[PDB]
Every structure is written in C-alpha cells, then in structure tokens.
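Trainee: Data file entry-v3.cif (mmCIF, C-alpha atoms and all ligand atoms) is appended below.
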data_my_file
loop_
_atom_site.label_atom_id
_atom_site.label_comp_id
_atom_site.auth_asym_id
_atom_site.auth_seq_id
_atom_site.Cartn_x
_atom_site.Cartn_y
_atom_site.Cartn_z
CA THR I 2 0.00 0.00 0.00
CA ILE I 3 0.96 3.67 -0.33
CA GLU I 4 1.29 4.32 3.42
CA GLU I 5 3.86 1.51 3.66
CA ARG I 6 5.59 2.15 0.34
CA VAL I 7 6.33 5.60 1.77
CA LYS I 8 8.00 4.05 4.82
CA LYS I 9 9.93 1.58 2.65
CA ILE I 10 11.24 4.38 0.44
CA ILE I 11 12.09 6.67 3.36
CA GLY I 12 13.89 3.89 5.20
CA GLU I 13 16.02 2.68 2.32
CA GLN I 14 16.78 6.25 1.25
CA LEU I 15 17.84 7.21 4.79
CA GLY I 16 18.67 3.80 6.26
CA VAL I 17 16.29 4.49 9.15
CA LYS I 18 14.32 1.59 10.62
CA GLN I 19 10.67 1.03 9.77
CA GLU I 20 9.83 1.69 13.42
CA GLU I 21 11.61 5.06 13.56
CA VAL I 22 9.61 6.29 10.56
CA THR I 23 6.26 7.28 12.01
CA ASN I 24 3.87 9.58 10.18
CA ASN I 25 5.21 12.44 12.32
CA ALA I 26 8.85 11.33 11.99
CA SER I 27 10.44 14.52 10.68
CA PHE I 28 13.17 13.66 8.19
CA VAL I 29 15.82 16.24 9.10
CA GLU I 30 15.58 15.62 12.85
CA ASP I 31 13.99 12.19 13.38
CA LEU I 32 15.57 10.57 10.31
CA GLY I 33 18.66 12.77 10.10
CA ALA I 34 18.16 13.40 6.38
CA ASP I 35 20.29 16.42 5.49
CA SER I 36 20.04 18.69 2.43
CA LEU I 37 21.18 16.20 -0.20
CA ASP I 38 19.52 13.38 1.73
CA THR I 39 16.21 15.24 1.68
CA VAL I 40 16.59 15.93 -2.03
CA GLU I 41 17.35 12.28 -2.73
CA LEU I 42 14.41 11.20 -0.58
CA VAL I 43 11.99 13.36 -2.55
CA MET I 44 13.63 12.08 -5.73
CA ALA I 45 13.07 8.44 -4.76
CA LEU I 46 9.52 9.22 -3.64
CA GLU I 47 8.81 10.75 -7.04
CA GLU I 48 10.27 7.63 -8.66
CA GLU I 49 8.24 5.24 -6.50
CA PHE I 50 4.95 6.67 -7.80
CA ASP I 51 6.44 7.77 -11.16
CA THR I 52 5.02 11.23 -10.44
CA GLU I 53 6.58 14.68 -10.20
CA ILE I 54 6.08 17.36 -7.55
CA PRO I 55 6.42 21.15 -7.88
CA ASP I 56 9.63 22.56 -6.46
CA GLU I 57 8.02 24.62 -3.70
CA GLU I 58 5.37 21.94 -3.11
CA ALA I 59 8.12 19.32 -2.90
CA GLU I 60 10.33 21.28 -0.51
CA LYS I 61 7.30 22.14 1.64
CA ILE I 62 7.12 18.44 2.52
CA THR I 63 9.35 17.80 5.55
CA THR I 64 7.50 15.10 7.53
CA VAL I 65 6.27 11.58 6.86
CA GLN I 66 2.74 12.82 7.45
CA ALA I 67 3.09 15.62 4.90
CA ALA I 68 4.83 13.27 2.47
CA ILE I 69 1.98 10.75 2.53
CA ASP I 70 -0.57 13.58 2.43
CA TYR I 71 0.84 14.95 -0.81
CA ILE I 72 1.38 11.45 -2.21
CA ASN I 73 -2.18 10.38 -1.39
CA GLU M 1088 8.21 26.21 -33.43
CA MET M 1089 6.76 25.47 -30.02
CA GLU M 1090 5.87 21.92 -31.01
CA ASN M 1091 9.40 21.39 -32.32
CA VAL M 1092 10.72 22.60 -28.96
CA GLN M 1093 8.35 20.36 -27.00
CA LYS M 1094 9.90 17.46 -28.88
CA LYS M 1095 13.25 18.28 -27.27
CA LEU M 1096 11.38 18.78 -24.01
CA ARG M 1097 10.07 15.21 -24.11
CA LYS M 1098 13.51 13.85 -24.98
CA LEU M 1099 14.92 15.72 -21.99
CA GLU M 1100 12.11 14.37 -19.81
CA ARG M 1101 13.18 10.84 -20.68
CA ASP M 1102 16.81 11.69 -19.95
CA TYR M 1103 15.91 13.23 -16.59
CA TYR M 1104 13.86 10.20 -15.57
CA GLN M 1105 16.82 7.96 -16.38
CA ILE M 1106 19.18 10.12 -14.32
CA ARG M 1107 16.68 10.20 -11.47
CA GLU M 1108 16.42 6.40 -11.37
CA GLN M 1109 20.20 6.05 -11.48
CA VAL M 1110 20.72 8.44 -8.58
CA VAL M 1111 17.97 6.68 -6.61
CA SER M 1112 19.75 3.34 -6.96
CA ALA M 1113 23.09 4.96 -6.12
CA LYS M 1114 21.74 6.43 -2.89
CA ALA M 1115 20.10 3.14 -1.95
CA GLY M 1116 23.42 1.33 -2.27
CA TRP M 1117 25.41 4.05 -0.54
CA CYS M 1118 23.10 3.71 2.46
CA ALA M 1119 24.43 0.22 3.23
CA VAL M 1120 27.94 1.30 2.23
CA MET M 1121 27.77 4.03 4.88
CA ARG M 1122 26.22 1.74 7.49
CA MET M 1123 29.28 -0.49 7.12
CA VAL M 1124 31.76 2.35 7.68
CA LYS M 1125 29.27 3.82 10.15
CA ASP M 1126 31.08 1.60 12.68
CA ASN M 1127 33.75 4.15 13.57
CA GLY M 1128 35.55 3.94 10.23
CA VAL M 1129 34.14 7.11 8.74
CA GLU M 1130 35.68 9.81 10.87
CA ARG M 1131 39.33 10.20 9.90
CA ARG M 1132 40.39 7.01 8.10
CA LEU M 1133 37.89 5.90 5.46
CA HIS M 1134 36.24 9.23 4.72
CA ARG M 1135 38.86 11.75 3.65
CA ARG M 1136 36.90 14.80 2.56
CA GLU M 1137 39.93 16.70 1.23
CA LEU M 1138 39.70 14.24 -1.67
CA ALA M 1139 36.22 15.50 -2.61
CA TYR M 1140 37.60 17.62 -5.46
CA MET M 1141 38.96 14.90 -7.75
CA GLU M 1142 37.40 12.48 -10.21
CA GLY M 1143 36.89 8.74 -10.40
CA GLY M 1144 39.87 8.19 -12.67
CA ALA M 1145 42.57 9.55 -10.38
CA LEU M 1146 41.02 7.96 -7.31
CA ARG M 1147 40.80 4.55 -8.99
CA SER M 1148 44.35 4.77 -10.34
CA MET M 1149 45.87 5.64 -6.98
CA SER M 1150 43.68 2.98 -5.34
CA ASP M 1151 45.06 0.37 -7.72
CA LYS M 1152 48.64 1.44 -7.00
CA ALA M 1153 47.92 1.32 -3.27
CA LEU M 1154 46.47 -2.18 -3.65
CA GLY M 1155 49.46 -3.31 -5.70
CA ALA M 1156 51.55 -2.37 -2.70
CA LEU M 1157 49.17 -3.52 0.03
CA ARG M 1158 48.68 -7.03 -1.37
CA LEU M 1159 52.39 -7.57 -0.82
CA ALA M 1160 51.90 -5.92 2.56
CA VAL M 1161 49.09 -8.35 3.47
CA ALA M 1162 51.01 -11.38 2.23
CA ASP M 1163 50.97 -12.71 5.80
CA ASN M 1164 47.42 -12.85 7.17
CA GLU M 1165 45.49 -15.32 5.02
CA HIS M 1166 42.01 -14.12 5.96
CA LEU M 1167 42.97 -10.45 5.76
CA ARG M 1168 44.62 -11.31 2.45
CA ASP M 1169 41.38 -12.95 1.33
CA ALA M 1170 39.37 -9.88 2.27
CA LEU M 1171 41.76 -7.74 0.23
CA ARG M 1172 41.76 -10.08 -2.77
CA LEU M 1173 37.98 -10.44 -2.85
CA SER M 1174 37.27 -6.74 -2.32
CA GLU M 1175 39.59 -6.28 -5.28
CA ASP M 1176 36.31 -6.62 -7.22
CA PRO M 1177 35.38 -2.98 -7.99
CA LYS M 1178 31.77 -4.02 -8.67
CA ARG M 1179 31.18 -4.86 -4.97
CA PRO M 1180 32.77 -1.89 -3.23
CA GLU M 1181 31.84 -2.21 0.44
CA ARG M 1182 34.01 -5.34 0.65
CA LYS M 1183 36.99 -2.97 0.81
CA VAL M 1184 35.39 -1.26 3.80
CA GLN M 1185 35.05 -4.60 5.59
CA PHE M 1186 38.63 -5.43 4.68
CA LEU W 1138 40.95 -6.82 -24.61
CA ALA W 1139 38.72 -5.11 -27.18
CA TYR W 1140 35.82 -6.62 -25.23
CA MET W 1141 36.45 -4.52 -22.10
CA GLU W 1142 35.92 -0.82 -21.47
CA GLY W 1143 38.73 1.66 -20.97
CA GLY W 1144 38.22 1.90 -17.23
CA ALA W 1145 39.09 -1.76 -16.71
CA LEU W 1146 42.20 -1.42 -18.86
CA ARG W 1147 43.34 1.64 -16.93
CA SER W 1148 42.75 -0.11 -13.62
CA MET W 1149 44.73 -3.15 -14.72
CA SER W 1150 47.62 -1.05 -16.01
CA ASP W 1151 47.84 0.94 -12.78
CA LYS W 1152 47.58 -2.18 -10.65
CA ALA W 1153 50.47 -3.70 -12.58
CA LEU W 1154 52.50 -0.49 -12.31
CA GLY W 1155 52.13 -0.57 -8.54
CA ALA W 1156 53.78 -3.95 -8.16
CA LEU W 1157 56.32 -2.80 -10.75
CA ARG W 1158 57.26 0.12 -8.53
CA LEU W 1159 57.64 -2.25 -5.59
CA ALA W 1160 59.80 -4.66 -7.58
CA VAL W 1161 61.96 -2.27 -9.60
CA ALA W 1162 63.76 -0.95 -6.52
CA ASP W 1163 66.44 -3.46 -7.54
CA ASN W 1164 67.54 -2.14 -10.94
CA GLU W 1165 68.23 1.49 -11.80
CA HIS W 1166 67.55 1.05 -15.53
CA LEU W 1167 64.05 -0.36 -15.21
CA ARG W 1168 63.38 2.18 -12.48
CA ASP W 1169 64.35 5.04 -14.79
CA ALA W 1170 62.27 3.69 -17.64
CA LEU W 1171 59.33 3.41 -15.24
CA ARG W 1172 59.82 6.89 -13.79
CA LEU W 1173 59.70 8.21 -17.33
CA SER W 1174 56.91 6.03 -18.72
CA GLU W 1175 54.35 6.23 -15.92
CA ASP W 1176 52.92 9.43 -17.41
CA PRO W 1177 49.88 8.78 -19.64
CA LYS W 1178 50.67 10.56 -22.90
CA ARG W 1179 53.95 8.66 -23.49
CA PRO W 1180 52.89 5.12 -24.44
CA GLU W 1181 56.09 4.55 -26.40
CA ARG W 1182 57.95 5.23 -23.16
CA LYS W 1183 56.20 2.34 -21.43
CA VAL W 1184 56.97 0.20 -24.44
CA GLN W 1185 60.68 0.92 -24.14
CA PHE W 1186 60.35 0.16 -20.45
CA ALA H 248 62.61 -1.94 24.03
CA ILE H 249 63.70 0.51 21.34
CA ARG H 250 63.96 -2.26 18.76
CA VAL H 251 60.50 -3.62 19.58
CA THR H 252 58.85 -0.21 19.45
CA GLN H 253 60.60 0.85 16.24
CA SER H 254 59.64 -2.32 14.40
CA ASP H 255 56.00 -2.19 15.45
CA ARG H 256 55.68 1.55 14.78
CA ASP H 257 57.07 1.17 11.27
CA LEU H 258 54.82 -1.79 10.47
CA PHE H 259 51.65 -0.12 11.72
CA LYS H 260 52.49 3.15 9.96
CA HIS H 261 52.98 1.37 6.65
CA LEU H 262 49.88 -0.80 6.83
CA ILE H 263 47.58 1.96 8.05
CA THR H 264 48.69 4.50 5.46
CA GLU H 265 48.36 2.01 2.61
CA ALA H 266 44.96 0.64 3.68
CA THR H 267 43.55 4.11 4.31
CA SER H 268 44.73 5.38 0.94
CA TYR H 269 43.28 2.37 -0.84
CA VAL H 270 39.87 2.22 0.81
CA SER H 271 39.18 5.92 1.38
CA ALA H 272 39.89 6.47 -2.31
CA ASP H 273 37.09 4.19 -3.50
CA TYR H 274 34.77 5.56 -0.83
CA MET H 275 35.43 9.14 -1.76
CA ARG H 276 35.02 8.48 -5.49
CA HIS H 277 31.65 6.86 -4.80
CA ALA H 278 30.68 9.91 -2.75
CA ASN H 279 31.87 12.45 -5.32
CA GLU H 280 30.20 10.63 -8.19
CA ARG H 281 26.92 10.40 -6.29
CA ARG H 282 27.13 14.13 -5.58
CA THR H 283 27.91 14.87 -9.23
CA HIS H 284 24.99 12.73 -10.41
CA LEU H 285 22.71 14.56 -7.99
CA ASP H 286 23.97 17.88 -9.33
CA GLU H 287 23.36 16.81 -12.92
CA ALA H 288 19.88 15.55 -12.04
CA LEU H 289 19.06 18.87 -10.37
CA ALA H 290 20.23 20.78 -13.43
CA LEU H 291 18.09 18.55 -15.64
CA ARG H 292 15.08 18.96 -13.36
CA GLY H 293 15.32 22.74 -13.33
CA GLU H 294 15.83 22.98 -17.08
CA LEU H 295 12.92 20.59 -17.69
CA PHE H 296 10.61 22.61 -15.45
CA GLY H 297 11.59 25.85 -17.16
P1 LIG Y 1201 22.37 20.69 0.63
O1 LIG Y 1201 22.72 21.64 1.76
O2 LIG Y 1201 23.59 20.27 -0.17
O3 LIG Y 1201 21.46 21.54 -0.39
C1 LIG Y 1201 21.11 20.95 -1.67
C2 LIG Y 1201 20.20 21.92 -2.42
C3 LIG Y 1201 18.91 22.13 -1.61
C4 LIG Y 1201 20.90 23.27 -2.59
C5 LIG Y 1201 19.86 21.33 -3.80
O4 LIG Y 1201 19.24 20.08 -3.58
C6 LIG Y 1201 18.96 22.21 -4.65
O5 LIG Y 1201 17.79 22.39 -4.32
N1 LIG Y 1201 19.49 22.76 -5.73
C7 LIG Y 1201 18.70 23.39 -6.78
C8 LIG Y 1201 17.94 24.61 -6.29
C9 LIG Y 1201 17.00 25.16 -7.34
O6 LIG Y 1201 15.80 25.23 -7.13
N2 LIG Y 1201 17.55 25.56 -8.49
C10 LIG Y 1201 16.78 26.15 -9.58
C11 LIG Y 1201 16.80 25.29 -10.82
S1 LIG Y 1201 18.47 24.95 -11.44
#
Give the structure from the file, written as structure tokens.

Mentor:
Amino acid sequence: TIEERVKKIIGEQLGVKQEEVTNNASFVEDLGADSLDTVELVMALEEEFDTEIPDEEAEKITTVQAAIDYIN
Amino acid sequence: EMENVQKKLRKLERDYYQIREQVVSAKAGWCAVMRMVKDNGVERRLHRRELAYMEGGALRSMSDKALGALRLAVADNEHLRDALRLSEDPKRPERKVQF
Amino acid sequence: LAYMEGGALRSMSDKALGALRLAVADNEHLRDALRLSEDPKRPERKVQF
Amino acid sequence: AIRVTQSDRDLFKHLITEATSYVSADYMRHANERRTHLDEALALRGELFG
C-alpha cells in the first residue's frame, strides 16, 4: 500500500528503521536526512509513484505525514 | 516552433527520468555502504573529505597502486589477504570497507 | 581486450605499475624507464620500459 | 625496548597508510560521483521545469 511504500522508500533512502519512521517522523531531525539526503528522498519518492512534484510543493514536505498527504 | 521545442522537451524528460532512477539506486546502495563504515571507520580514516575535489579516474588509479603495494603488505594474514583479494572486485565496493 | 571498457584497462595497467614500482627498486635502468613512462601521454615510453 | 617499538611503529604506519589510501579512495570516489549525479539531475530537473 501507499502508506507503507512511503515508509519503505524513506527507510532505504535514509537507512532508518521502519519503526523510527512514524507519520510524524520529521526527516531532518527524526531521520537525520540532510540537504542532499532530503533531495534524494523526494527524488526516490517521485520515482516510486512515477510522479513529479512542484519545487516549492516538494520542498514544503518535511514530515512523513506531509509526504503521505501529498502522495495520497 | 513550439511543437518542435516540446519534442526536445520530451527527450529531456526521458533523460531526466533515467538520471533520477540512477541516482535513486546509487543512494540506496550508498546507504548500506555508509552503514558499514558507520562503525567508527568514517571519521578520519575511510572518509577523507579533502579528496572531494577529484574524479573517479585519479582515485581509482591511486587505489590500484595502493592495492598493488598492500597485497604484498598483506602477504601474511590469510584471511585479511582474502578480504583484500575479494574486495579487489570494484563491482562490490563495500568489501573494501570490511577489509 | 577489445571486449572490455577503458576503465578496466586503466585499472589493470595501474595495478600492474604498482607492483612494478615495488619490484623495480632493484635495478636502476628499469626504475628510470618506469619513472619516465608512468605518465599517460607517453605510451612509447612504457613500451621501451 | 627501542627495537620492539621501532619495528612495530614502522609496520603499523605502513599498513595503516596504505589501507587508508586504498579504501578511502574508493569511498570518496563513490561519494563524489553520487554528488555529481545529484547535481546533474538537479540541473536537468530545473531545465525541464523551465
Ligand atoms: P544541501 O545543503 O547540499 O542543499 C542541496 C540543495 C537544496 C541546494 C539542492 O538540492 C537544490 O535544491 N538545488 C537546486 C535549487 C534550485 O531550485 N535551483 C533552480 C533550478 S536549477
């Protein structure tokens, strides 16, 4: 499903465990995804659902909750 | 004219998707690569950030020279020698970290 | 060797040259030829070596 | 004591420097190439959007 594909992608793009990645798990703090890590995470998320996100709309996303929200 | 240009646009779209997929796979692999060196290898020994400003060719060449020397260096310890010899495979990089 | 890309060839050449540097410490002549040939743009040099 | 320490120091110096050179090189090339690919992808993305 989408809500688990998101966790899969986030985990294997940051190495974080499935448990650490809750809907509120903020990437920069909770998952330690830095600038390039955040960019790569959004890149892999776009790949996963073969969809593209606007630049400001993409950067706005900074939390697993917001990521799923935009994705779904 | 605009339609002609949109042709190039679509070509570039395909190219960008390819590059995106490649970088995605690269990051996925580098995650495990890092989590190997994550065990106290990164700080001052395995990561050497002053080297950030050179290209694959020079790095590979000097790595090969270093290995040509080190293999003779590791002539003694059979298992350490085996780690070196196996990690000699460039296609499976993190071996060299484990070594 | 036509069936391998340039990167592999370069890697193999450098890997050989490393052991050559280790070994050549014996003889001055081979060492001189090496110290002249190791540069890329002088293939003939390596050949003489 | 001097002999023991000199021998071991020399051996460890040699092995550490060689191994670090060898392995850090491949690591750093992987890192630089990944960064360069990211940079190229960003350039492509921006140009495509424009
Ligand atoms: P990290 O601190 O390395 O930062 C990376 C980055 C956020 C600067 C990078 O991912 C990025 O966004 N670069 C492109 C910025 C942009 O919108 N450019 C316009 C189109 S070329």

Trainee: Which residues form the shell of 6 Å around ligand LIG 1201 (chain Y) when you count all atoms listed in the file, given as a ChimeraX atom specification?

Mentor: /I:36-37,40 /H:289-290,293

Trainee: Give as a ChimeraX atom specification every residue of chain I that touches chain H within 12 Å, counting only C-alpha atoms.

Mentor: /I:36-45,53-56

Trainee: Generate a file of the selected residues that holds C-alpha atoms, formatted as an mmCIF file, in the frame of the given file.

Mentor:
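Done, and the output landed in result.cif:
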data_model
loop_
_atom_site.group_PDB
_atom_site.id
_atom_site.type_symbol
_atom_site.label_atom_id
_atom_site.label_comp_id
_atom_site.auth_asym_id
_atom_site.auth_seq_id
_atom_site.Cartn_x
_atom_site.Cartn_y
_atom_site.Cartn_z
ATOM 1 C CA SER I 36 20.040 18.690 2.430
ATOM 2 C CA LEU I 37 21.180 16.200 -0.200
ATOM 3 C CA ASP I 38 19.520 13.380 1.730
ATOM 4 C CA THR I 39 16.210 15.240 1.680
ATOM 5 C CA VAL I 40 16.590 15.930 -2.030
ATOM 6 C CA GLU I 41 17.350 12.280 -2.730
ATOM 7 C CA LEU I 42 14.410 11.200 -0.580
ATOM 8 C CA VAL I 43 11.990 13.360 -2.550
ATOM 9 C CA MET I 44 13.630 12.080 -5.730
ATOM 10 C CA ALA I 45 13.070 8.440 -4.760
ATOM 11 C CA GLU I 53 6.580 14.680 -10.200
ATOM 12 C CA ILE I 54 6.080 17.360 -7.550
ATOM 13 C CA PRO I 55 6.420 21.150 -7.880
ATOM 14 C CA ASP I 56 9.630 22.560 -6.460
#

Trainee: At a cut-off of 12 Å, using all atoms listed in the file, what residues contact residue W:1180? Leave out same-chain residues fewer than 5 positions from it and give the result as a ChimeraX atom specification.

Mentor: /W:1150,1170-1171,1173-1175,1185-1186

Trainee: For stretch 1159-1168 of chain M, list every protein, DNA or RNA residue within 9 Å, evaluated using only C-alpha atoms, and leave out those in the same chain fewer than 5 positions away; present the list as a list in words.

Mentor: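 So the residues in contact are residues 1154, 1173 and 1186 of chain M; 1156 and 1159 of chain W; 261, 262 and 265 of chain H.
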
Trainee: Should the cut-off be 7 Å, what would the residue list for chain M against chain H look like, counting all atoms listed in the file, as number ranges by chain?

Mentor: M: 1096, 1099-1100, 1103, 1106-1107, 1110, 1113, 1132-1135, 1138-1139, 1142-1143, 1146-1147, 1150, 1153-1154, 1157, 1160, 1183-1184

Trainee: What is the distance between atom CA of residue I:19 and atom CA of residue I:49, in Å to one decimal?

Mentor: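 Going from atom CA of residue I:19 over to atom CA of residue I:49 covers 17.0 Å.
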
Trainee: Show me which bits of chain M are within 10 Å of chain I, counting all atoms listed in the file, as a compact mmCIF listing (two decimals) with C-alpha atoms, in the frame of the given file.

Mentor:
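Result file iface-v3.txt:
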# COMPACT_ATOMS: atom_id res chain seq x y z
CA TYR M 1104 13.86 10.20 -15.57
CA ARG M 1107 16.68 10.20 -11.47
CA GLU M 1108 16.42 6.40 -11.37
CA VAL M 1110 20.72 8.44 -8.58
CA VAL M 1111 17.97 6.68 -6.61
CA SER M 1112 19.75 3.34 -6.96
CA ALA M 1113 23.09 4.96 -6.12
CA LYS M 1114 21.74 6.43 -2.89
CA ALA M 1115 20.10 3.14 -1.95
CA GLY M 1116 23.42 1.33 -2.27
CA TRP M 1117 25.41 4.05 -0.54
CA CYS M 1118 23.10 3.71 2.46
CA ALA M 1119 24.43 0.22 3.23
CA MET M 1121 27.77 4.03 4.88
CA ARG M 1122 26.22 1.74 7.49

Trainee: For chain M, list the residues within 6 Å of chain W, counting only C-alpha atoms, and write the list as an MDAnalysis selection string.

Mentor: chainID M and resid 1148 1151:1152 1155

Trainee: Can you spit out the residues from that selection as a PDB file, in the coordinates of the input, using C-alpha atoms?

Mentor:
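Result saved to part_8.pdb:
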ATOM      1  CA  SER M1148      44.350   4.770 -10.340  1.00  0.00           C
ATOM      2  CA  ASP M1151      45.060   0.370  -7.720  1.00  0.00           C
ATOM      3  CA  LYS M1152      48.640   1.440  -7.000  1.00  0.00           C
ATOM      4  CA  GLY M1155      49.460  -3.310  -5.700  1.00  0.00           C
TER       5      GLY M1155
END

Trainee: In Å, how far is it from atom CA of residue M:1125 to atom CA of residue I:32?

Mentor: 15.3 Å

Trainee: To one decimal place in Å, what is the distance between atom CA of residue I:23 and atom CA of residue I:60?

Mentor: 19.2 Å

Trainee: In file coordinates, which residues lie within 6 Å of (4.8, 11.5, 11.6) using only C-alpha atoms, given as a ChimeraX atom specification?

Mentor: /I:23-26,65-66

Trainee: Copy stretch 1138-1163 of chain M out of the block into a file, keeping N, CA and C atoms, as a short mmCIF file (atom, residue, chain, number, x, y, z; two decimals), in the first residue's frame.

Mentor:
data_model
loop_
_atom_site.label_atom_id
_atom_site.label_comp_id
_atom_site.auth_asym_id
_atom_site.auth_seq_id
_atom_site.Cartn_x
_atom_site.Cartn_y
_atom_site.Cartn_z
N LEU M 1138 39.69 14.89 -0.37
CA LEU M 1138 39.70 14.24 -1.67
C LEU M 1138 38.43 14.49 -2.48
N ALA M 1139 37.50 15.30 -1.95
CA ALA M 1139 36.22 15.50 -2.61
C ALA M 1139 36.35 16.12 -3.99
N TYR M 1140 37.48 16.75 -4.30
CA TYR M 1140 37.60 17.62 -5.46
C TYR M 1140 38.38 16.96 -6.60
N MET M 1141 38.35 15.63 -6.66
CA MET M 1141 38.96 14.90 -7.75
C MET M 1141 37.95 13.90 -8.30
N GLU M 1142 38.31 13.29 -9.42
CA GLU M 1142 37.40 12.48 -10.21
C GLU M 1142 37.69 10.99 -10.04
N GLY M 1143 36.77 10.18 -10.55
CA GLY M 1143 36.89 8.74 -10.40
C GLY M 1143 38.20 8.20 -10.93
N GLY M 1144 38.68 8.74 -12.05
CA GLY M 1144 39.87 8.19 -12.67
C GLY M 1144 41.08 8.23 -11.76
N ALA M 1145 41.40 9.41 -11.24
CA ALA M 1145 42.57 9.55 -10.38
C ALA M 1145 42.43 8.70 -9.13
N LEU M 1146 41.24 8.72 -8.53
CA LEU M 1146 41.02 7.96 -7.31
C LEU M 1146 41.22 6.47 -7.57
N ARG M 1147 40.65 5.96 -8.66
CA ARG M 1147 40.80 4.55 -8.99
C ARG M 1147 42.26 4.20 -9.27
N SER M 1148 42.96 5.05 -10.02
CA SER M 1148 44.35 4.77 -10.34
C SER M 1148 45.19 4.68 -9.07
N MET M 1149 45.08 5.68 -8.20
CA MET M 1149 45.87 5.64 -6.98
C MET M 1149 45.43 4.48 -6.09
N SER M 1150 44.14 4.13 -6.10
CA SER M 1150 43.68 2.98 -5.34
C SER M 1150 44.34 1.71 -5.84
N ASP M 1151 44.44 1.56 -7.15
CA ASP M 1151 45.06 0.37 -7.72
C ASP M 1151 46.54 0.31 -7.36
N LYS M 1152 47.24 1.44 -7.41
CA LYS M 1152 48.64 1.44 -7.00
C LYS M 1152 48.76 1.06 -5.52
N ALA M 1153 47.89 1.63 -4.69
CA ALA M 1153 47.92 1.32 -3.27
C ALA M 1153 47.67 -0.16 -3.04
N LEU M 1154 46.73 -0.75 -3.79
CA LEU M 1154 46.47 -2.18 -3.65
C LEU M 1154 47.66 -3.00 -4.12
N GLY M 1155 48.30 -2.59 -5.21
CA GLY M 1155 49.46 -3.31 -5.70
C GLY M 1155 50.52 -3.39 -4.63
N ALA M 1156 50.62 -2.33 -3.83
CA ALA M 1156 51.55 -2.37 -2.70
C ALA M 1156 51.01 -3.17 -1.52
N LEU M 1157 49.75 -2.95 -1.18
CA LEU M 1157 49.17 -3.52 0.03
C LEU M 1157 49.09 -5.04 -0.05
N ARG M 1158 48.75 -5.58 -1.22
CA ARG M 1158 48.68 -7.03 -1.37
C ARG M 1158 49.99 -7.67 -0.93
N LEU M 1159 51.12 -7.11 -1.35
CA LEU M 1159 52.39 -7.57 -0.82
C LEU M 1159 52.48 -7.30 0.67
N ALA M 1160 51.92 -6.18 1.12
CA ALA M 1160 51.90 -5.92 2.56
C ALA M 1160 51.11 -6.99 3.31
N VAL M 1161 49.98 -7.42 2.77
CA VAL M 1161 49.09 -8.35 3.47
C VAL M 1161 49.41 -9.79 3.10
N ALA M 1162 50.62 -10.02 2.59
CA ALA M 1162 51.01 -11.38 2.23
C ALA M 1162 50.89 -12.34 3.40
N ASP M 1163 50.88 -11.84 4.64
CA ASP M 1163 50.97 -12.71 5.80
C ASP M 1163 49.62 -13.29 6.19
#
